[PDB]
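Neighbour counts are summed over all protein chains in view; Cβ atoms, including those assigned to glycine, are modelled from backbone coordinates with ideal geometry. We did not get these values from a lab; they are worked out from the coordinates using the rules stated.
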Amino acid sequence: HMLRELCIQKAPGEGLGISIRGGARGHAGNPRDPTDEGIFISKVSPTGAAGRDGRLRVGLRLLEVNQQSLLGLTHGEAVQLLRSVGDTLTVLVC
């Protein structure tokens, strides 16, 4: 699980084209051990930017988007980061 930063081309108004899961847990979780709150890629759309680039896969841990930590962000805020404008988007994964 080597930490790596990927810069992925996309159309300037397009999102990265991945689905994510994880993040802060609720009342089934364990606040004494918050290390199971990572964000992971759960889908890669074949025609989206991540799919076209070919590198990202389901199961990767996603630590940052555009240099910003996902830790503690809500799902919706992480999705919004993945929809940031620009002709590239950067992810930090392992």
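Observations
- Relative contact order (%) - criterion: Cα under 8 Å, at least six apart; region: the chain: 43 percent
- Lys/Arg +1, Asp/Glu -1 at C-beta; the chain dipole; positive extreme among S42, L3, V79: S42
- Checking every one of the trypsin sites (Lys or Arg not before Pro) in the range 24-94 against DSSP loop status and a limit of 15 other Cβ atoms within 10 Å picks out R25, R32, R55, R57, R83.
- Residues with amide H under 5 Å from that of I39, placed H, sequence gap 5 or more: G23, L62
- Pair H27, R4: separation of 7 Å Cα→Cβ label points (nm): 4.2 nm
- With the convex hull of the Cα atoms taken as the outline of the chain, the averaged projected area works out to 5.9 nm².
- Spin-label zone in the range 75-94 - amide nitrogen under 16 Å from a point set 7 Å from the Cα of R57 along the C-beta vector: 93-94
- Between the amide H of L70 and those of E64, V65, distances stay under 5 Å, these residues lying 5 or more places away or on another chain, with hydrogens modeled in the peptide plane.
- Inter-part distance where the range 24-56 and the range 1-16 are each reduced to a Cα centre, Å: 15 Å
- Full-stretch length increase - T35, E14 - with 0.36 nm per residue and alpha-carbon distance subtracted: 4.4 nm
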